[PDB]
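Next up: just one chain, as C-alpha cells, the form deposited in one PDB entry.
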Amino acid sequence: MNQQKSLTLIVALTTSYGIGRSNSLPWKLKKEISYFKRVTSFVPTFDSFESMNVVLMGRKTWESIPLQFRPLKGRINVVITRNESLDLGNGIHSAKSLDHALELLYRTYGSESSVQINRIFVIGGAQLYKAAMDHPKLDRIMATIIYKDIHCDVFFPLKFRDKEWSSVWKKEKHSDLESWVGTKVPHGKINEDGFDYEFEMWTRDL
C-alpha cells in the first residue's frame, strides 16, 4: 500500500528552466492555465463516474492559488507539508511528504470509497518537483515550454530536455500527447500576450 500508479509532473518553464519568480508566476498564460485545468481534470468518460485525478503541490504553490480557485475543482488536492500545524480545508489533505501523501490517498481512497482516483499529478513547485524527480514512480513530464527568457528566481530541478538526460527522457509524438490527454491540443507554438510557448510530453522507463 504505497505506490501503484504512476506520477505525472506538470509544469510551465522557460528554455532556461525558470518556473517562477518571487514565489509567483511571472507570466499571464490564461490559455496555458486552461491546458492545465483541462489536463488535470481529464478522466475518461466511462470512468467519469467514480474517478477523480489527484493534484499534489507544495505549501507555497497552495498559497499561490487565488482564494477564488482553491481547492482546484474536480480534483483531489493534497498539500505536501512537514510544517503542518493545522492545514485549513474541508477535505484538503495534508501529507508530510510525497510518499505519505501517496498512502493517505491509497488509505483514504480505496475500494471502500465511492470515490476513486485515476491520475495523480505533481503540480509544483520547485522542492516538490525535486522529490518527484527522485521518486521511482515518476515517468511522465507534461511540460509547457516558453520561448522567452523570463527572469525567474526558482528553477526546475532536473534539466530533463538536455542532452545529458537524453537517454532517459524522451519527448513523445504530438499524437501520444493528445491521446494521453484524451483531447486534441495545439501543435506548434502558441503566442499569448508576448510569450511564445508550446506543450510537450517527456517520458522515462522506470
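Here the rigid core means the biggest group of C-alpha atoms that line up within 1.5 Å when the two forms are laid on top of each other. Numbers follow the displayed sequence, beginning with 1.
K.L.:
Averaging only over Cα atoms, indicate whether 47-55 or 138-146 has the higher B-factor in the PDB entry.
P.N.:
Between 47-55 and 138-146, it is 47-55.
K.L.:
Name the higher of the two by mean Cα B-factor in the PDB entry, 184-192 versus 15-23.
P.N.:
Looking at the recorded C-alpha B-factors, 184-192 comes out higher on average.
K.L.:
Could you check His100, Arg119, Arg75, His93 and tell me which one carries the biggest Cα B-factor in the deposited entry?
P.N.:
That would be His93, according to the entry.
K.L.:
Which one of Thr40, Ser175, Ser64, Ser167 shows the biggest C-alpha B-factor in the PDB entry?
P.N.:
Each of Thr40, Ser175, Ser64, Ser167 was compared by C-alpha B-factor; the highest is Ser64.
K.L.:
Pull the Cα B-factor of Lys31 out of the PDB entry and bin it into the chain's lowest, middle or highest third.
P.N.:
For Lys31, the deposited C-alpha B-factor lands in the middle third.
K.L.:
Using the B-factor values recorded in the entry, state whether the Cα atom of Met1 falls in the lowest, middle or highest third among the modelled residues of its chain.
P.N.:
Tercile = highest for this residue's CA B-factor.
K.L.:
Looking at the C-alpha B-factor of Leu88, is it in the lowest, middle or highest third of its chain?
P.N.:
It falls in the top third of the chain.
K.L.:
Which third, lowest, middle or highest, does the C-alpha temperature factor of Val115 belong to within its own chain?
P.N.:
Tercile = highest for this residue's CA B-factor.
K.L.:
Could you tell me which third, lowest, middle or highest, the C-alpha B-factor of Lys159 occupies within its chain?
P.N.:
CA B-factor rank for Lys159: lowest third.
The form deposited in another entry exists for this protein as well; it is not shown, and the discussion that follows is about that form.
K.L.:
Any idea which of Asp176, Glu63, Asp47, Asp162 has its C-alpha shifted 2 Å or more between the shown form and the other one with the rigid core fixed?
P.N.:
The one that shifts is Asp47.
K.L.:
When the two forms are laid on each other by their rigid core, does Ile190 show a Cα shift of 2 Å or more between the shown form and the other one?
P.N.:
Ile190 C-alpha, core-superposed: shift of less than 2 Å.
K.L.:
Superposing on the rigid core, does the Cα of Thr15 end up 2 Å or more away between the shown form and the other one?
P.N.:
No, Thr15 moves less than 2 Å.
K.L.:
Closer or farther: how do the Cα atoms of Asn23 and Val78 compare in the other form versus the shown form, where the change is at least 3 Å?
P.N.:
Here the pair is closer than in the other form; there, farther apart.
K.L.:
Do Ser114 and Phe49 have their C-alpha atoms closer or farther apart in the other form than here, with the shift being 3 angstroms or more?
P.N.:
Compared with the form shown here, the C-alpha atoms of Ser114 and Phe49 sit closer together in the other form, by 3 Å or more.
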